[PDB]
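Protein chains in written order, with UniProt numbering: chain L, 30 to 144; chain Z, 30 to 144; chain D, 30 to 144; chain Y, 30 to 144. For every residue, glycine included, the Cβ atom is placed at its ideal position computed from N, Cα and C.
There are 4 protein chains.
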Amino acid sequence: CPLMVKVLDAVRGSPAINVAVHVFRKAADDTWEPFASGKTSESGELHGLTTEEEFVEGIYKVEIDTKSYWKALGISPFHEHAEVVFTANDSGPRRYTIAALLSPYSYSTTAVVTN
Amino acid sequence: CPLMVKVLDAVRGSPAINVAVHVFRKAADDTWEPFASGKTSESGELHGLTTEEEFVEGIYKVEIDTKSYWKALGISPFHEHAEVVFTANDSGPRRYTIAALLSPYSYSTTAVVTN
Amino acid sequence: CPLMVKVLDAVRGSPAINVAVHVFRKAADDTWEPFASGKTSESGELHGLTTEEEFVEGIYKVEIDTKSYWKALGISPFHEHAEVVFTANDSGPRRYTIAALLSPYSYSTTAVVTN
Amino acid sequence: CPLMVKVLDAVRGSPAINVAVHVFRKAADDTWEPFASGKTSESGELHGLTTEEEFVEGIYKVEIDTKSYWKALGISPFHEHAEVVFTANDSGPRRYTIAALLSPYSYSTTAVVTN
Ligand SMILES: O=c1c(-c2ccc(O)cc2)coc2cc(O)cc(O)c12
Ligand SMILES: O=c1c(-c2ccc(O)cc2)coc2cc(O)cc(O)c12
């Protein structure tokens, strides 16, 4: 698992469950092309998006459908989604955890990069 | 003024109005002594807590009554308050803005230090 | 003004000065069209992006060039930028403050919506 | 494990390792009495602070020594520490994760409450 996504809910104090997540990689004509997707589990985690072989250096976008999440809970949200855009670099072996903390009118995102 | 507190509500996307704020200063005997207090305004800001003459070097505590805020909106929050503890003016007089962003189960705090 | 952007540096405890900000609006053909741009001031604020006449209903994107900011301070950051995407003015004209708090491997964004 | 603490570093994009954490419970004379402590592991986590039998309803404080952490990395910090103060309540079976995201001049904390 070179890439994992974890989503938390700051209103309820819980994992954010069944949140749709899409991953894109930047193409040479500088358009975004779909790469991987899924929904967060009961622990708010999304595992198995990609493999070591496929996850090469490049520019990636992780888009989290926060609007549909808040809509399901009956709470008015501000953002259309949360986008996280980064360059993946080989130095040594790497694992990426993209964590997002969600509120209706705010979100925070951090990258935890290990190995 | 040397010390200002600004509080935001991450659920409503608004200033957090009428929030109680209590400031304490550490004495020589290592106890917390009452220093200043007030309520946030319509803009979520609290000005005029202290003066340049009064705000000497020391360790200060700013305690924001987040629990009473959430409860008056019908929400039972996780935290009792948001507490910020810091050493002030140790390389000379500065101006401090203490900002807090509030959610029922989470908060962030930042300091902007100038001059 | 209808739209203001404020950027803070969580490492230095200061406004984030000279930060590039680009605003886009979604067209009928679903592409992003350039709307407005500017640089944050000494206070980390960007005022005067648009007017009440120009800032109609739609989906907007605010892209903050966080990478160039960190690089000029000698830090190689994780994210390419901080991107905020939202529907504006759909229940009538409002005033929007978009705040971003920056760290090399993390950022938070909040909206304060009034009037 | 009814109570776990997890600490992240927003400057380096990593677990915050070897951070001292102290837990207190509020006594009837309203003084803070030490309860449990330890240091975060290589994954930034602190497990085994207490047991189901000992962790009764009450008011608790978790104090994270953020200042010593930043000092070890050679970076000037603002806060003396991060304090998280909450009421533990029995409803159904509960697990508490107190997560903290650290920057030199800012911190965020969230509670993830499960089972
Ligand atoms: O710090 C903030 C924040 C802010 C943003 C993100 C956070 O995590 C915390 C506070 C929001 O609006 C402001 C508005 C201000 O006028 C001054 C500020 O310092 C802030
Ligand atoms: O809460 C977080 C955060 C996190 C993210 C943003 C914040 O503002 C605060 C914490 C990051 O990684 C985690 C990773 C975890 O396994 C559990 C968590 O609760 C978190």
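Residues of chain Z with CB under 8 Å from residue i, in chain order?
i         : result
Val114(Y) : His108, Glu109, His110 and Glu112
Kindly indicate the opening and closing residues of the beta strand (DSSP E) around residue i.
i         : result
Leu131(L) : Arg124 to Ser132
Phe53(D)  : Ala49 to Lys55
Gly67(D)  : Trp61 to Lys68
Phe115(D) : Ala111 to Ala117
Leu32(D)  : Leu32 to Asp38
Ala140(Y) : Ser135 to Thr143
Please list, in chain order, the chain D residues whose beta carbon lies closer than 8 Å to that of residue i.
i         : result
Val142(Z) : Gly42 and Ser43
What first and last residue would you give for the alpha helix (DSSP H) that runs through residue i?
i        : result
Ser97(Y) : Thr95 to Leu102
So residue i contacts chain Z; which residues on that side make the cut at Cβ distance below 9 Å?
i         : result
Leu130(D) : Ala128, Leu130, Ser137 and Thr139
Mind pulling the chain Y residues with CB within less than 7 Å of residue i?
i         : result
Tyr134(Z) : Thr139 and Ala140
Excluding five sequence neighbours on each side, which residues of the same chain lie with their C-beta closer than 6 Å to the C-beta of residue i?
i         : result
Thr126(D) : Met33 and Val141
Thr139(Y) : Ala128
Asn47(Y)  : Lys68
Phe64(D)  : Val52, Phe53 and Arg54
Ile88(D)  : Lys55 and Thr116
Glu71(Y)  : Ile46
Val113(Z) : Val91, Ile127 and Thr138
Between residue i and the rest of its own chain, which residues show a CB-CB distance below 7 Å, the 5 nearest in sequence each way excluded?
i         : result
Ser66(D)  : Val50, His51 and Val52
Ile104(D) : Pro133
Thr95(Y)  : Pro106, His108, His110, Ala111, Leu131 and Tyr136
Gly73(L)  : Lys35, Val36, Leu37, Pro44, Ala45 and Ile46
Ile93(Y)  : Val36, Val48, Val50, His110, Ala111 and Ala129
Output needed for residue i: all residues of its chain with C-beta closer than 8 Å, excluding positions within five of it in sequence on either side, in chain order.
i         : result
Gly77(D)  : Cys30 and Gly67
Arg123(Y) : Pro31, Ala117, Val142, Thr143 and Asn144
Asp119(Y) : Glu86
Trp61(Z)  : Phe53, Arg54, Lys55 and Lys90
Residues from the stretch 31-62 of chain Y in contact with chain D, defined by Cβ distance under 9 Å: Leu37, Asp38, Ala39, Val40, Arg41, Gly42 and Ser43
The stretch 73-93 of chain D: positions lying closer than 8 Å to chain L by Cβ: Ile88
Nearest-residue set for ligand 2, Cβ under 6 Å from any heavy atom: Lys35(L), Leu37(L), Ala128(L), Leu130(L), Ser137(L), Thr139(L), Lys35(Y), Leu37(Y), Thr126(Y), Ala128(Y), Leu130(Y), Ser137(Y), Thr139(Y) and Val141(Y)
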